[PDB]
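Trainee: Please read through the structure below; I'll follow up with questions.
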Amino acid sequence: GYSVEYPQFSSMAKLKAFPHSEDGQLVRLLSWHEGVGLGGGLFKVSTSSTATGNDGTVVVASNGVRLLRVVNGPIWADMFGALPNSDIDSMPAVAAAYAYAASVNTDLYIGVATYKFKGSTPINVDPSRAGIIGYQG
Amino acid sequence: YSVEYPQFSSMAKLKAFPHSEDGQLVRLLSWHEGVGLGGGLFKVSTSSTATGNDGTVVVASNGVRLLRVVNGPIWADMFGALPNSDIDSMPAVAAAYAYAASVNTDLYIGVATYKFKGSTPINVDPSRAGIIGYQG
């Protein structure tokens, strides 16, 4: 049993590095970060798309081909590479995730964990577009 | 028999050469050999991370990038479009427009007849770039 339903990629880096060429093909991202099991999902390969990449819902491969996430529900921060319980600054990933979420009038969810916010750039929430919701409080 | 810049007669020849000197200026005579269209000056870049498009950003066979020195609008022949050809020109125009929109610059198309085949539309973003037929 070595067959798969969809072509599978273990990380965001592998998904971007592969030379995607079949328009409309559905591929599965197992996880944003290799082995973590978070942020994955199905992506639709599009060779015609000119959408700006955000490393979350719109992925631009190394060859310029776009991969569009199949999203059912709210946006989650781990779709943009946010990692639970890490020393790395999580504010850039949450800011990028919220920026997309607000652009499509959809709330941003954040998984149960502790996150570190560093730097000096505030997050400006537009309540007419999207909120930031901690999962389970 | 002397030239000011190294010269390449076609995009294929330009890509095949092992460019290695960062910042070197090279001349492309034409995108397609002998046609006399789409040529220009290119700067070799070992640091560039731009996605290759076979027009303004060229990735040589060894992976080294060549960046077109463009002053003015983008032309479709810079991406391999050929006037009055039976070959489908929509891929070249679509790729040229995609780059043009990325740099907020209009795309010009030289005077000719072009064939559009396939089934993929071109979506013009009026906030970024238009498609302009030269002399109408």
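A note on labels: chains of the structure tokens are A, B, ... as shown, every chain counts residues from 1, and ligands are counted from 1 in their shown order.
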Would you pick out the contacts of segment 43-60 of chain A at 10 Å or less, using only C-alpha atoms, so that residues sharing its chain but fewer than 2 positions from it are not included, and give the list as a ChimeraX atom specification?

Mentor: /A:12-13,15-17,20-29,32,39-41,62-71,75-81,93,96-97,99-101 /B:51,91,94-95,98-99,101-102,120-123,125

Trainee: When you look at segment 111-119 of chain B with a cut-off of 9 Å (counting only C-alpha atoms), what residues show up, excluding the ones that are within fewer than 3 positions of it in the same chain? I need them as a list in words.

Mentor: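 Here the qualifying residues turn out to be residues 81, 82, 83, 84, 85, 86, 87, 88, 89, 90, 91, 133, 134, 135 and 136 of chain B.
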
Trainee: Neighbours of segment 117-123 of chain A within 8 Å (only C-alpha atoms; same-chain residues fewer than 3 positions away dropped), as a count of residues only?

Mentor: 4

Trainee: I'd like the interatomic distance between atom CA of residue 79 of chain B and atom CA of residue 2 of chain B, to a tenth of an Å.

Mentor: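 Between atom CA of residue 79 of chain B and atom CA of residue 2 of chain B the gap works out to 27.8 Å.
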
Trainee: For a quick check of understanding, using only C-alpha atoms, which of A:125, A:61, A:110, A:37 has the smallest distance to chain B?

Mentor: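 With only C-alpha atoms as the atom set, the closest residue is A:61.
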
Trainee: Run DSSP on the backbone and give me the residues of chain B it puts in helix (DSSP H, G or I), as a list in words.

Mentor: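 Reading the DSSP output for chain B, helix (DSSP H, G or I) covers residues 11, 12, 13, 14, 15, 16, 76, 77, 78, 79, 90, 91, 92, 93, 94, 95, 96, 97, 98, 99, 100, 101 and 102 of chain B.
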
Trainee: So the first atom is atom CA of residue 36 of chain B and the second is atom CA of residue 80 of chain B; what is the distance between them in Å, to one decimal place?

Mentor: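 Computed distance, atom CA of residue 36 of chain B to atom CA of residue 80 of chain B, equals 11.3 Å.
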